[PDB]
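*Asks:* Below is the structure I would like to discuss, written out as structure tokens.
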There are 2 protein chains.
Amino acid sequence: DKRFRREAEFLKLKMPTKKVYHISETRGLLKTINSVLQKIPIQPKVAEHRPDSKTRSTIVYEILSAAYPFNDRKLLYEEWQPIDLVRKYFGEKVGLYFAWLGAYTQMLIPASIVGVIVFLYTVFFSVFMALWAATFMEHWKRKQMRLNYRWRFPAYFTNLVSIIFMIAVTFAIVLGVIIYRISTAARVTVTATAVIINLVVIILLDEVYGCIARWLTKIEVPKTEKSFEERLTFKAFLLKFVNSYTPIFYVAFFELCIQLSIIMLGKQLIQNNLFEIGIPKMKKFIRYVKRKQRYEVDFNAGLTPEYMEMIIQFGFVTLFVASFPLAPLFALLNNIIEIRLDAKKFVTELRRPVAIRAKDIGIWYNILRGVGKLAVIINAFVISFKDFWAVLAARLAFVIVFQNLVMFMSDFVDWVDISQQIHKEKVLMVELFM
Amino acid sequence: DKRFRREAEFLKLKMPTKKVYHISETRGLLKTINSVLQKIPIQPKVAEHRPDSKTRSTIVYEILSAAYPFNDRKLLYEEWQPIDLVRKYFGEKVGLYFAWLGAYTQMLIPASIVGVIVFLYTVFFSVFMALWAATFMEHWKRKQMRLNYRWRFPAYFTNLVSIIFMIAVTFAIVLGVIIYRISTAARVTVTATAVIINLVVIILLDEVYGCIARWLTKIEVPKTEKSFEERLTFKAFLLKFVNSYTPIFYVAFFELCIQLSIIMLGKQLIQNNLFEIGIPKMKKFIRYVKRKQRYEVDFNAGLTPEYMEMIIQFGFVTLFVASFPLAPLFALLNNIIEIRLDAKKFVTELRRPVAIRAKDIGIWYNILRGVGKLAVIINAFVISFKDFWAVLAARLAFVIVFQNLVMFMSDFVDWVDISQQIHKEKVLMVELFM
């Protein structure tokens, strides 16, 4: 692993005392910023007392201006399922990211088929769709165990402040859609353009409220780098899910589901893929013996949004699971596509580090559980949506039995291996201990 | 621990080989049935290798016709909160039984106060009552951690058979109430007598369907004595909760809540207390040097129903939590009363054994969680219960927002210590290990 860099020199000598702990390193000088690499077994045996080059620079990070750290990576380049050297090389938490990502593809897999069978020849698609959700959570957890075998008051005042400015942004979005209706007001295509500039403004407000949430999480003085990012993700899916889901919410009570699917595909392709590849050309044209050349390539890395958008994709998977079926299929196309571009995007990365000790997606996981939770009553609530009073009455009745039958089916699924190998493995642990 | 008793003699010698394992015992002969006591430190040190007289006869049971096993018990007799020698003497699982029983009293404690404040001067009692339920589960679990610190197809064919005969008994109860209406048919007091004979018939059908469920669980060939009793309890609360809750269900859709409270108090006093003390007089009049006299007293022990009725008491706590408030207060009187009679009932027991290794009530615990779960929508569903169509419409609307606000408050409570002592305790474990 390497490093970049008066008080920098003196505290650099203070850092060299930490190099004098048990470390072995070297320096490299070019382009008016310092750089220092390192590599060191007996000291790694002391590291083995504290708790395989991935583990090596990993433990170097456990030891610790800027800083950093390929024929097997080229073996990935030909090779890109990928979980073996993906875990061995890319990392564990991101290995879960591509892993449960590919699981999200696997949930996407048989689901679109029955949706095509639906669109051939009506709410049973939504019912068994919710079943597909619960099963997706189910084998998500089961497979999570499988790869687990394969491996003070002013803060709450600011919480109320984020509540108030949050709903202020929400009604601001309501001004986006209502003023969008005024914008297309004075055939369908004027509203299509208003949806185009509207989702463009959503592309604006995503970075706007998003980096605003970076100020919300950055101004919270987070000591730990596990819970601060967690609640930062909580606000992220909060305002972001408000941002995305807000327009379809304006569609529902305040048809245009084709525009919703256009925003789905363009949000997949034109926004995420094309803008994401645009960022590679942004840094690229902004710029535009073996280990020496790779160290030169070092001059040439968040995950949560790349997690969260899949959440948004799951939010794509959930909400309009009410209306139109076929968005799941092309959604799965964007899934496998963004899987491949995710892989090559990881190839394009700025030297992403290791990340150890994680069971699952956690905040994202139970966040998805709650996504199903709000999703059921939500999509039902749109699904039902003189004597017309009694019509809406019967509508509310189907809402009710829809709710009770819905969660009843949810618990019915919730009724649902290698612990035998855990037991005999522990018997072997005492046996080798003997 | 002791024992009672041709092939009995030969297999008795086979048992004496198990006495020749590491055991020390003695025999005693009277009244045409055999009896053998036992007591044995080095062999108990071998028992300490396998995993304090309670632990002694406990491990004797771990070693194993009929069989069995008091100035500290008299110290309980004056002493009867009781958790110290209750755990030390009475046992751990039953110590949880009296423990979370007294916790159920503690939930009963401040709850009746606001109910009196209600009955002075309307659904907010039910709302905060559900809050009292969720908190009851909450500090039930938290206190459970606190005392935790202080310590193939034909079977499913029979499951369908129990379903069919179960609903057959349910409609049979519907014949009980409807034929009870025919019975009082040809002022209110004729219906009071019909309720009297009705609940008497419920007292019949409790033992009837109850021992029928003993045939359901006894004919299931249960190998283990942990899951068979669990599902036996599941059928027990199933048919029993159907039995009790069936009449008020007949009251609701098919006022008489005073008769419901009369069945509550009489079910507490006349049924449970008076019939229970009647069983002591049943065996008593059916019958009607220190260790010698106590061994003579040995000639002179289920728990689940004694658990389950509290469930029924919780089922008393839940359902008519819709209608009338003051049944909680006298219910708490029956709670403290049945706590005392529970204590002296444990004094009256037929030499109850030890029971180790249990975190909590389990089947009963999440059974109570589901009791709240069905309870919320249930009591709401009774609580809302030309243009009268639109009246029931608005009724259904309050049902809906009642449901969403209800579970919303439930999760709001579900947002909610000595693990520090666990950590420093483990630091002391390595330290004493050092």
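If you're wondering about the labels, chains in the structure tokens are A, B, ... by order shown, residues count from 1 in each chain, ligands from 1 in order shown.
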Set out as JSON lines a contact list for chain B and chain A with a cut-off of 10 Å, giving each residue of chain B that qualifies its closest atom pair and distance in Å to one decimal, counting only C-alpha atoms, ordered by chain and rising residue number.
*Replies:*
```
{"residue": "B:377", "atom": "CA", "partner": "A:404", "partner_atom": "CA", "distance": 9.1}
{"residue": "B:386", "atom": "CA", "partner": "A:387", "partner_atom": "CA", "distance": 8.4}
{"residue": "B:387", "atom": "CA", "partner": "A:387", "partner_atom": "CA", "distance": 8.1}
{"residue": "B:388", "atom": "CA", "partner": "A:390", "partner_atom": "CA", "distance": 9.2}
{"residue": "B:389", "atom": "CA", "partner": "A:390", "partner_atom": "CA", "distance": 5.7}
{"residue": "B:390", "atom": "CA", "partner": "A:389", "partner_atom": "CA", "distance": 5.7}
{"residue": "B:391", "atom": "CA", "partner": "A:390", "partner_atom": "CA", "distance": 9.2}
{"residue": "B:392", "atom": "CA", "partner": "A:393", "partner_atom": "CA", "distance": 7.6}
{"residue": "B:393", "atom": "CA", "partner": "A:393", "partner_atom": "CA", "distance": 4.6}
{"residue": "B:394", "atom": "CA", "partner": "A:393", "partner_atom": "CA", "distance": 7.9}
{"residue": "B:395", "atom": "CA", "partner": "A:393", "partner_atom": "CA", "distance": 9.3}
{"residue": "B:396", "atom": "CA", "partner": "A:396", "partner_atom": "CA", "distance": 6.7}
{"residue": "B:397", "atom": "CA", "partner": "A:396", "partner_atom": "CA", "distance": 7.2}
{"residue": "B:399", "atom": "CA", "partner": "A:400", "partner_atom": "CA", "distance": 8.5}
{"residue": "B:400", "atom": "CA", "partner": "A:400", "partner_atom": "CA", "distance": 7.1}
{"residue": "B:403", "atom": "CA", "partner": "A:400", "partner_atom": "CA", "distance": 9.4}
{"residue": "B:404", "atom": "CA", "partner": "A:377", "partner_atom": "CA", "distance": 9.1}
```
*Asks:* Take the residues from that selection and write them out as a tab-separated table (two decimals), in the first residue's frame, keeping N, CA, C and O atoms.
*Replies:*
```
chain	number	residue	atom	x	y	z
B	377	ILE	N	-55.83	-5.63	14.90
B	377	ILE	CA	-56.79	-5.56	13.81
B	377	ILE	C	-58.13	-6.11	14.25
B	377	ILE	O	-59.18	-5.73	13.73
B	386	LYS	N	-79.95	3.58	2.76
B	386	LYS	CA	-79.28	4.10	1.57
B	386	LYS	C	-77.88	4.59	1.91
B	386	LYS	O	-76.89	3.91	1.66
B	387	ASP	N	-77.82	5.78	2.52
B	387	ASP	CA	-76.53	6.39	2.83
B	387	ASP	C	-75.82	5.68	3.97
B	387	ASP	O	-74.64	5.97	4.24
B	388	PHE	N	-76.50	4.75	4.63
B	388	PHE	CA	-75.88	3.90	5.63
B	388	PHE	C	-74.75	3.08	5.03
B	388	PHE	O	-73.80	2.70	5.74
B	389	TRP	N	-74.84	2.78	3.74
B	389	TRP	CA	-73.70	2.30	2.98
B	389	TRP	C	-72.51	3.24	3.14
B	389	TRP	O	-71.40	2.80	3.48
B	390	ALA	N	-72.73	4.54	2.99
B	390	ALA	CA	-71.63	5.48	3.13
B	390	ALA	C	-71.19	5.62	4.58
B	390	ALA	O	-70.05	6.00	4.87
B	391	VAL	N	-72.09	5.32	5.51
B	391	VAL	CA	-71.72	5.32	6.91
B	391	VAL	C	-70.72	4.21	7.18
B	391	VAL	O	-69.66	4.43	7.78
B	392	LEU	N	-71.02	3.01	6.69
B	392	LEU	CA	-70.10	1.89	6.87
B	392	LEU	C	-68.85	2.09	6.05
B	392	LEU	O	-67.80	1.50	6.33
B	393	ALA	N	-68.94	2.91	5.00
B	393	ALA	CA	-67.76	3.31	4.26
B	393	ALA	C	-66.80	4.07	5.14
B	393	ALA	O	-65.62	3.73	5.22
B	394	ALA	N	-67.30	5.12	5.79
B	394	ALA	CA	-66.46	5.94	6.64
B	394	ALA	C	-65.94	5.13	7.81
B	394	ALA	O	-64.81	5.32	8.27
B	395	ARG	N	-66.77	4.18	8.26
B	395	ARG	CA	-66.39	3.19	9.24
B	395	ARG	C	-65.18	2.40	8.75
B	395	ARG	O	-64.21	2.20	9.49
B	396	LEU	N	-65.22	1.99	7.49
B	396	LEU	CA	-64.10	1.24	6.93
B	396	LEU	C	-62.88	2.12	6.78
B	396	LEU	O	-61.74	1.64	6.83
B	397	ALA	N	-63.09	3.42	6.59
B	397	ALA	CA	-61.97	4.34	6.49
B	397	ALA	C	-61.25	4.45	7.82
B	397	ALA	O	-60.01	4.37	7.88
B	399	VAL	N	-61.34	2.19	9.98
B	399	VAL	CA	-60.71	0.89	10.12
B	399	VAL	C	-59.34	0.92	9.48
B	399	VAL	O	-58.36	0.41	10.03
B	400	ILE	N	-59.25	1.56	8.32
B	400	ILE	CA	-58.02	1.55	7.55
B	400	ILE	C	-56.95	2.37	8.25
B	400	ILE	O	-55.85	1.87	8.55
B	403	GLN	N	-55.75	0.88	11.23
B	403	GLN	CA	-54.79	-0.19	11.04
B	403	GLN	C	-53.40	0.37	10.80
B	403	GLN	O	-52.43	-0.05	11.44
B	404	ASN	N	-53.30	1.35	9.91
B	404	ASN	CA	-52.00	1.90	9.55
B	404	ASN	C	-51.41	2.69	10.70
B	404	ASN	O	-50.21	2.61	10.97
```
*Asks:* Write out as a VMD selection string the residues lying within 8 Å of region 410-426 of chain A, counting only C-alpha atoms and excluding same-chain residues fewer than 6 positions away.
*Replies:* chain A and resid 131 134 to 135 138
*Asks:* Give me the residues within 12 Å of region 294-300 of chain A as a PDB file with N, CA and C atoms, in the first residue's frame, counting only C-alpha atoms and dropping any in the same chain fewer than 2 places off.
*Replies:*
```pdb
ATOM      1  N   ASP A   1       0.828  -1.197   0.000  1.00  0.00           N
ATOM      2  CA  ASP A   1       0.000   0.000   0.000  1.00  0.00           C
ATOM      3  C   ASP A   1       0.864   1.249   0.000  1.00  0.00           C
ATOM      4  N   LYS A   2       0.363   2.327  -0.597  1.00  0.00           N
ATOM      5  CA  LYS A   2       1.169   3.514  -0.854  1.00  0.00           C
ATOM      6  C   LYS A   2       0.506   4.747  -0.263  1.00  0.00           C
ATOM      7  N   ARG A   3       1.139   5.907  -0.456  1.00  0.00           N
ATOM      8  CA  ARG A   3       0.806   7.133   0.271  1.00  0.00           C
ATOM      9  C   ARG A   3       1.241   8.348  -0.544  1.00  0.00           C
ATOM     10  N   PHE A   4       0.530   9.462  -0.387  1.00  0.00           N
ATOM     11  CA  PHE A   4       0.885  10.711  -1.051  1.00  0.00           C
ATOM     12  C   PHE A   4       1.072  11.818  -0.026  1.00  0.00           C
ATOM     13  N   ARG A  27       9.913   5.026  -0.378  1.00  0.00           N
ATOM     14  CA  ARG A  27       9.371   6.307  -0.825  1.00  0.00           C
ATOM     15  C   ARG A  27       9.566   6.456  -2.328  1.00  0.00           C
ATOM     16  N   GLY A  28       8.729   7.280  -2.950  1.00  0.00           N
ATOM     17  CA  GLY A  28       8.871   7.592  -4.361  1.00  0.00           C
ATOM     18  C   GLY A  28       8.410   9.004  -4.660  1.00  0.00           C
ATOM     19  N   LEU A  29       9.247   9.739  -5.391  1.00  0.00           N
ATOM     20  CA  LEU A  29       9.065  11.176  -5.581  1.00  0.00           C
ATOM     21  C   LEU A  29       8.879  11.522  -7.055  1.00  0.00           C
ATOM     22  N   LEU A  30       7.733  12.144  -7.376  1.00  0.00           N
ATOM     23  CA  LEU A  30       7.429  12.699  -8.694  1.00  0.00           C
ATOM     24  C   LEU A  30       6.209  13.613  -8.608  1.00  0.00           C
ATOM     25  N   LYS A  31       6.155  14.600  -9.511  1.00  0.00           N
ATOM     26  CA  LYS A  31       4.977  15.426  -9.797  1.00  0.00           C
ATOM     27  C   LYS A  31       4.475  16.219  -8.587  1.00  0.00           C
ATOM     28  N   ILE A  33       4.142  15.841  -5.310  1.00  0.00           N
ATOM     29  CA  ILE A  33       3.358  15.251  -4.228  1.00  0.00           C
ATOM     30  C   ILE A  33       4.029  13.937  -3.872  1.00  0.00           C
ATOM     31  N   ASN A  34       4.186  13.672  -2.579  1.00  0.00           N
ATOM     32  CA  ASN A  34       4.993  12.533  -2.162  1.00  0.00           C
ATOM     33  C   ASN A  34       4.231  11.230  -2.358  1.00  0.00           C
ATOM     34  N   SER A  35       4.958  10.117  -2.322  1.00  0.00           N
ATOM     35  CA  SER A  35       4.387   8.791  -2.509  1.00  0.00           C
ATOM     36  C   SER A  35       5.292   7.769  -1.844  1.00  0.00           C
ATOM     37  N   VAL A  36       4.695   6.809  -1.142  1.00  0.00           N
ATOM     38  CA  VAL A  36       5.443   5.823  -0.371  1.00  0.00           C
ATOM     39  C   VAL A  36       4.674   4.511  -0.356  1.00  0.00           C
ATOM     40  N   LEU A  37       5.312   3.459  -0.856  1.00  0.00           N
ATOM     41  CA  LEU A  37       4.743   2.121  -0.890  1.00  0.00           C
ATOM     42  C   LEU A  37       5.272   1.343   0.300  1.00  0.00           C
ATOM     43  N   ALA A  66      -2.753  11.777   0.806  1.00  0.00           N
ATOM     44  CA  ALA A  66      -3.540  10.757   0.120  1.00  0.00           C
ATOM     45  C   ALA A  66      -2.766   9.447   0.193  1.00  0.00           C
ATOM     46  N   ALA A  67      -3.407   8.363  -0.246  1.00  0.00           N
ATOM     47  CA  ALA A  67      -2.874   7.017  -0.047  1.00  0.00           C
ATOM     48  C   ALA A  67      -3.548   6.027  -0.981  1.00  0.00           C
ATOM     49  N   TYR A  68      -2.896   4.879  -1.207  1.00  0.00           N
ATOM     50  CA  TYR A  68      -3.433   3.878  -2.115  1.00  0.00           C
ATOM     51  C   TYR A  68      -2.836   2.519  -1.804  1.00  0.00           C
ATOM     52  N   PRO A  69      -3.180   1.479  -2.573  1.00  0.00           N
ATOM     53  CA  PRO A  69      -2.678   0.108  -2.539  1.00  0.00           C
ATOM     54  C   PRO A  69      -2.915  -0.637  -3.849  1.00  0.00           C
ATOM     55  N   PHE A  70      -1.184  -7.746 -12.557  1.00  0.00           N
ATOM     56  CA  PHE A  70      -2.635  -7.848 -12.579  1.00  0.00           C
ATOM     57  C   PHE A  70      -3.101  -8.976 -13.499  1.00  0.00           C
ATOM     58  N   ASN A  71      -2.312 -10.052 -13.588  1.00  0.00           N
ATOM     59  CA  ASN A  71      -2.661 -11.166 -14.472  1.00  0.00           C
ATOM     60  C   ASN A  71      -3.819 -11.978 -13.909  1.00  0.00           C
ATOM     61  N   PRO A 280     -16.204   8.503 -16.530  1.00  0.00           N
ATOM     62  CA  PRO A 280     -14.902   7.990 -16.974  1.00  0.00           C
ATOM     63  C   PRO A 280     -14.279   8.839 -18.056  1.00  0.00           C
ATOM     64  N   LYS A 283     -13.032  12.235 -16.219  1.00  0.00           N
ATOM     65  CA  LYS A 283     -11.679  12.202 -15.680  1.00  0.00           C
ATOM     66  C   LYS A 283     -10.668  11.905 -16.774  1.00  0.00           C
ATOM     67  N   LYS A 284     -11.091  11.169 -17.800  1.00  0.00           N
ATOM     68  CA  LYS A 284     -10.170  10.745 -18.845  1.00  0.00           C
ATOM     69  C   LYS A 284      -9.764  11.914 -19.727  1.00  0.00           C
ATOM     70  N   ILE A 286     -10.424  14.901 -18.994  1.00  0.00           N
ATOM     71  CA  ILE A 286      -9.885  15.848 -18.023  1.00  0.00           C
ATOM     72  C   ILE A 286      -8.386  15.652 -17.873  1.00  0.00           C
ATOM     73  N   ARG A 287      -7.924  14.411 -18.007  1.00  0.00           N
ATOM     74  CA  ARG A 287      -6.495  14.170 -18.124  1.00  0.00           C
ATOM     75  C   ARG A 287      -6.021  14.347 -19.564  1.00  0.00           C
ATOM     76  N   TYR A 288      -6.789  13.848 -20.531  1.00  0.00           N
ATOM     77  CA  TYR A 288      -6.369  13.882 -21.932  1.00  0.00           C
ATOM     78  C   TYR A 288      -6.449  15.289 -22.497  1.00  0.00           C
ATOM     79  N   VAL A 289      10.152  -3.227 -13.359  1.00  0.00           N
ATOM     80  CA  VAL A 289       9.687  -2.383 -14.448  1.00  0.00           C
ATOM     81  C   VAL A 289       8.187  -2.525 -14.598  1.00  0.00           C
ATOM     82  N   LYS A 290       7.693  -3.725 -14.294  1.00  0.00           N
ATOM     83  CA  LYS A 290       6.258  -3.969 -14.349  1.00  0.00           C
ATOM     84  C   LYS A 290       5.538  -3.231 -13.230  1.00  0.00           C
ATOM     85  N   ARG A 291       6.028  -3.376 -11.996  1.00  0.00           N
ATOM     86  CA  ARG A 291       5.433  -2.673 -10.863  1.00  0.00           C
ATOM     87  C   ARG A 291       5.690  -1.175 -10.945  1.00  0.00           C
ATOM     88  N   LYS A 292       6.706  -0.775 -11.713  1.00  0.00           N
ATOM     89  CA  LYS A 292       6.906   0.637 -12.009  1.00  0.00           C
ATOM     90  C   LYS A 292       5.781   1.178 -12.876  1.00  0.00           C
ATOM     91  N   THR A 348     -12.477  -0.081 -13.689  1.00  0.00           N
ATOM     92  CA  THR A 348     -12.126   1.304 -13.960  1.00  0.00           C
ATOM     93  C   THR A 348     -11.878   2.084 -12.682  1.00  0.00           C
ATOM     94  N   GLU A 349     -11.925   1.408 -11.540  1.00  0.00           N
ATOM     95  CA  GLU A 349     -11.964   2.081 -10.254  1.00  0.00           C
ATOM     96  C   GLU A 349     -10.638   2.760  -9.921  1.00  0.00           C
ATOM     97  N   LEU A 350     -10.675   3.587  -8.877  1.00  0.00           N
ATOM     98  CA  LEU A 350      -9.479   4.249  -8.364  1.00  0.00           C
ATOM     99  C   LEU A 350      -8.944   3.473  -7.156  1.00  0.00           C
ATOM    100  N   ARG A 351      -8.563   2.216  -7.418  1.00  0.00           N
ATOM    101  CA  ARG A 351      -7.838   1.318  -6.500  1.00  0.00           C
ATOM    102  C   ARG A 351      -8.606   1.058  -5.198  1.00  0.00           C
ATOM    103  N   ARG A 352      -9.753   0.397  -5.348  1.00  0.00           N
ATOM    104  CA  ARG A 352     -10.679   0.198  -4.241  1.00  0.00           C
ATOM    105  C   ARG A 352     -10.084  -0.730  -3.180  1.00  0.00           C
TER     106      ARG A 352
END
```
*Asks:* For region 9-20 of chain B, list every protein, DNA or RNA residue within 10 Å, evaluated using only C-alpha atoms, and leave out those in the same chain fewer than 3 positions away; present the list as a CSV table (one decimal) with N, CA, C and O atoms, in the first residue's frame.
*Replies:*
```csv
chain,number,residue,atom,x,y,z
B,5,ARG,N,-41.7,-49.2,41.8
B,5,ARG,CA,-42.0,-50.4,40.9
B,5,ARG,C,-42.8,-51.4,41.7
B,5,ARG,O,-44.0,-51.1,42.1
B,6,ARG,N,-40.7,-59.8,37.9
B,6,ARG,CA,-40.6,-60.6,36.7
B,6,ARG,C,-39.7,-59.9,35.7
B,6,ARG,O,-38.5,-59.7,35.9
B,23,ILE,N,-23.4,-44.7,40.1
B,23,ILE,CA,-24.5,-44.2,40.9
B,23,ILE,C,-24.5,-44.8,42.3
B,23,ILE,O,-23.9,-45.9,42.5
B,24,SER,N,-25.1,-44.1,43.3
B,24,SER,CA,-25.2,-44.6,44.7
B,24,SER,C,-26.6,-44.4,45.2
B,24,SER,O,-27.1,-43.2,45.2
B,25,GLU,N,-27.2,-45.5,45.6
B,25,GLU,CA,-28.7,-45.5,45.8
B,25,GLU,C,-29.0,-46.4,46.9
B,25,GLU,O,-28.1,-47.0,47.6
B,38,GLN,N,-31.7,-42.2,46.0
B,38,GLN,CA,-30.3,-42.1,45.6
B,38,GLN,C,-29.7,-40.8,46.0
B,38,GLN,O,-30.4,-39.8,46.1
B,63,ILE,N,-29.0,-38.6,34.3
B,63,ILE,CA,-28.5,-40.0,34.2
B,63,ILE,C,-29.7,-40.8,33.7
B,63,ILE,O,-29.5,-41.7,32.8
B,64,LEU,N,-30.9,-40.6,34.2
B,64,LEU,CA,-32.0,-41.4,33.8
B,64,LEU,C,-32.5,-41.1,32.4
B,64,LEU,O,-33.0,-41.9,31.7
B,65,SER,N,-41.2,-48.1,37.2
B,65,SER,CA,-42.5,-47.7,36.9
B,65,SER,C,-42.7,-46.2,37.1
B,65,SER,O,-42.8,-45.4,36.2
```
*Asks:* Would you list the contacts of residue 178 (chain A) as a PDB file with C-alpha atoms, in the first residue's frame, taking every protein, DNA or RNA residue within 12 Å and counting only C-alpha atoms, but skipping same-chain residues closer than 6 positions in sequence?
*Replies:*
```pdb
ATOM      1  CA  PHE A 171     -43.443  20.027  -1.480  1.00  0.00           C
ATOM      2  CA  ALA A 172     -40.772  21.648  -3.624  1.00  0.00           C
ATOM      3  CA  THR A 184     -47.278  21.743 -20.203  1.00  0.00           C
ATOM      4  CA  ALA A 185     -50.638  23.431 -19.601  1.00  0.00           C
ATOM      5  CA  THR A 191     -46.431  16.386 -20.944  1.00  0.00           C
ATOM      6  CA  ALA A 194     -42.441  18.231 -19.101  1.00  0.00           C
ATOM      7  CA  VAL A 195     -41.611  14.779 -17.785  1.00  0.00           C
ATOM      8  CA  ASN A 198     -38.912  17.076 -14.783  1.00  0.00           C
ATOM      9  CA  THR A 246     -42.480  11.511  -5.542  1.00  0.00           C
ATOM     10  CA  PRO A 247     -43.403  11.872  -9.231  1.00  0.00           C
ATOM     11  CA  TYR A 250     -48.011  12.740  -7.990  1.00  0.00           C
ATOM     12  CA  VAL A 251     -49.263  10.511 -10.787  1.00  0.00           C
ATOM     13  CA  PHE A 254     -52.644  14.047  -7.794  1.00  0.00           C
TER      14      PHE A 254
END
```
*Asks:* Residues near residue 374 (chain A), anyone? I mean within 12 Å using only C-alpha atoms, not counting same-chain ones fewer than 4 positions away, as a list in words.
*Replies:*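 Everything that qualifies: residues 130, 315, 318, 319, 367, 368, 369, 370, 378, 379, 380, 381, 403, 406 and 407 of chain A; 404, 407 and 408 of chain B.
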*Asks:* Write out the residues from the selection above, keeping N, CA, C and O atoms, as an mmCIF file, in the first residue's frame.
*Replies:*
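The resulting file, part-v4.cif, is reproduced below:
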```cif
data_model
loop_
_atom_site.group_PDB
_atom_site.id
_atom_site.type_symbol
_atom_site.label_atom_id
_atom_site.label_comp_id
_atom_site.auth_asym_id
_atom_site.auth_seq_id
_atom_site.Cartn_x
_atom_site.Cartn_y
_atom_site.Cartn_z
ATOM 1 N N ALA A 130 -45.505 -9.943 -5.002
ATOM 2 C CA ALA A 130 -45.155 -9.754 -3.607
ATOM 3 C C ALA A 130 -44.569 -11.037 -3.054
ATOM 4 O O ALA A 130 -43.662 -11.007 -2.214
ATOM 5 N N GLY A 315 -36.648 -0.107 -5.636
ATOM 6 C CA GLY A 315 -37.757 0.824 -5.587
ATOM 7 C C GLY A 315 -38.422 0.959 -6.935
ATOM 8 O O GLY A 315 -39.624 1.218 -7.031
ATOM 9 N N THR A 318 -40.521 -2.233 -7.010
ATOM 10 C CA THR A 318 -41.627 -2.388 -6.084
ATOM 11 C C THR A 318 -42.849 -1.611 -6.540
ATOM 12 O O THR A 318 -43.907 -2.196 -6.792
ATOM 13 N N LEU A 319 -42.713 -0.287 -6.641
ATOM 14 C CA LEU A 319 -43.867 0.609 -6.613
ATOM 15 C C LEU A 319 -44.737 0.432 -7.836
ATOM 16 O O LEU A 319 -45.902 0.026 -7.736
ATOM 17 N N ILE A 367 -33.797 -2.471 5.139
ATOM 18 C CA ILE A 367 -34.382 -1.395 4.356
ATOM 19 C C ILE A 367 -35.200 -1.967 3.216
ATOM 20 O O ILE A 367 -36.273 -1.454 2.884
ATOM 21 N N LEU A 368 -34.724 -3.053 2.618
ATOM 22 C CA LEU A 368 -35.478 -3.688 1.549
ATOM 23 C C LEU A 368 -36.672 -4.425 2.113
ATOM 24 O O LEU A 368 -37.719 -4.537 1.460
ATOM 25 N N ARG A 369 -36.517 -4.959 3.322
ATOM 26 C CA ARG A 369 -37.638 -5.592 3.997
ATOM 27 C C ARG A 369 -38.754 -4.584 4.238
ATOM 28 O O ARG A 369 -39.925 -4.843 3.933
ATOM 29 N N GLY A 370 -38.386 -3.393 4.706
ATOM 30 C CA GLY A 370 -39.372 -2.342 4.885
ATOM 31 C C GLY A 370 -39.874 -1.802 3.568
ATOM 32 O O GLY A 370 -40.971 -1.246 3.486
ATOM 33 N N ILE A 378 -48.914 -0.052 -0.109
ATOM 34 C CA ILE A 378 -48.863 1.063 -1.038
ATOM 35 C C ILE A 378 -49.471 0.660 -2.370
ATOM 36 O O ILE A 378 -50.410 1.297 -2.867
ATOM 37 N N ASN A 379 -48.969 -0.428 -2.941
ATOM 38 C CA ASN A 379 -49.412 -0.849 -4.260
ATOM 39 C C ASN A 379 -50.833 -1.366 -4.204
ATOM 40 O O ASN A 379 -51.583 -1.275 -5.181
ATOM 41 N N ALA A 380 -51.216 -1.923 -3.061
ATOM 42 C CA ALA A 380 -52.617 -2.233 -2.850
ATOM 43 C C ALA A 380 -53.446 -0.958 -2.827
ATOM 44 O O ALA A 380 -54.528 -0.889 -3.426
ATOM 45 N N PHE A 381 -52.912 0.079 -2.182
ATOM 46 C CA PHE A 381 -53.654 1.316 -1.970
ATOM 47 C C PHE A 381 -53.885 2.037 -3.285
ATOM 48 O O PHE A 381 -54.900 2.713 -3.479
ATOM 49 N N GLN A 403 -55.225 -6.226 2.331
ATOM 50 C CA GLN A 403 -54.171 -6.033 3.316
ATOM 51 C C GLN A 403 -53.994 -7.277 4.166
ATOM 52 O O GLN A 403 -52.873 -7.770 4.348
ATOM 53 N N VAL A 406 -52.798 -10.086 2.209
ATOM 54 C CA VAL A 406 -51.445 -9.782 1.774
ATOM 55 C C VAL A 406 -50.446 -10.188 2.840
ATOM 56 O O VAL A 406 -49.549 -11.005 2.595
ATOM 57 N N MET A 407 -50.597 -9.640 4.042
ATOM 58 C CA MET A 407 -49.659 -9.961 5.108
ATOM 59 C C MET A 407 -49.844 -11.394 5.584
ATOM 60 O O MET A 407 -48.914 -12.002 6.121
ATOM 61 N N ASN B 404 -53.301 1.348 9.907
ATOM 62 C CA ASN B 404 -52.003 1.896 9.551
ATOM 63 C C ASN B 404 -51.411 2.693 10.699
ATOM 64 O O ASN B 404 -50.206 2.615 10.967
ATOM 65 N N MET B 407 -50.282 -0.114 13.484
ATOM 66 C CA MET B 407 -48.995 -0.764 13.292
ATOM 67 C C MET B 407 -47.877 0.262 13.183
ATOM 68 O O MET B 407 -46.715 -0.042 13.466
ATOM 69 N N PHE B 408 -48.217 1.483 12.762
ATOM 70 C CA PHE B 408 -47.242 2.564 12.755
ATOM 71 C C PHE B 408 -46.789 2.890 14.165
ATOM 72 O O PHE B 408 -45.590 3.060 14.427
#
```
